[PDB]
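Undergrad: The structure that follows is given in the form of structure tokens.
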Amino acid sequence: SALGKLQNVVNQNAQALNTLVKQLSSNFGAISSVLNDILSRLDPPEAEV
Amino acid sequence: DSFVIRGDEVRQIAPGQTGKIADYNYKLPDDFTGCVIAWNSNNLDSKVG
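Chains C and A, in that order, give the protein sequences.
Residues in the first sequence are numbered from 943 upward in steps of one, following PDB author numbering.
Residues in the second sequence are numbered from 398 upward in steps of one, following PDB author numbering.
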């Protein structure tokens with residue numbers, strides 16, 4: 943338990959990176975969370991919406 | 398631009414619209430700006446035969 947100072951930096955960096963990566967699976971209000979599916983299911987005028 | 402089409406196709410004349418005439422006859426840019434004018438012509442463009 944002597945080296946908590948150096949472990950905290952690694953933990954913070956890893957957790958921030960993990961949160962940033964996990965933020966990709968969110969709708970944010972859209973119908974689906976993957977844009978490949980969006981482009982292959984609707985016409986452009988609402989696909990862009 | 399002036400032409401004559403069927404009654405149900407007056408709605409198809411708009412940016413980002415899909416249809417037989419929209420794809421194979423007349424296509425509007427998605428960034429179209431201007432106005433659209435249409436009127437019926439039974440008194441001029443109709444024949445009993």
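All C-beta atoms, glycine included, are put in the ideal place defined by N, C-alpha and C.
Do you know whose CA, among A/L441, A/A411 and A/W436, lies nearest A/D428's CA?
TA: A/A411
Undergrad: Do C/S967 and C/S974 have their CB atoms nearer than 8 Å?
TA: Result no, Cβ atoms of C/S967 and C/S974 do not sit closer than 8 Å.
Undergrad: Does A/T415 get closer than 8 Å to chain C when you measure Cβ to Cβ?
TA: Interface residue, yes.
Undergrad: Nearest CA to the CA of residue 942 of chain C: which residue from C/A956, C/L984 and C/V951?
TA: Past the boundaries of the shown model lies residue 942 of chain C; chain C is included only from 943 to 991, so the question cannot be answered.
Undergrad: Is A/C432 near the ligand ADP, with its Cβ less than 7 Å from a heavy atom?
TA: Ligands displayed in this structure: none; no statement on the ligand ADP is therefore possible.
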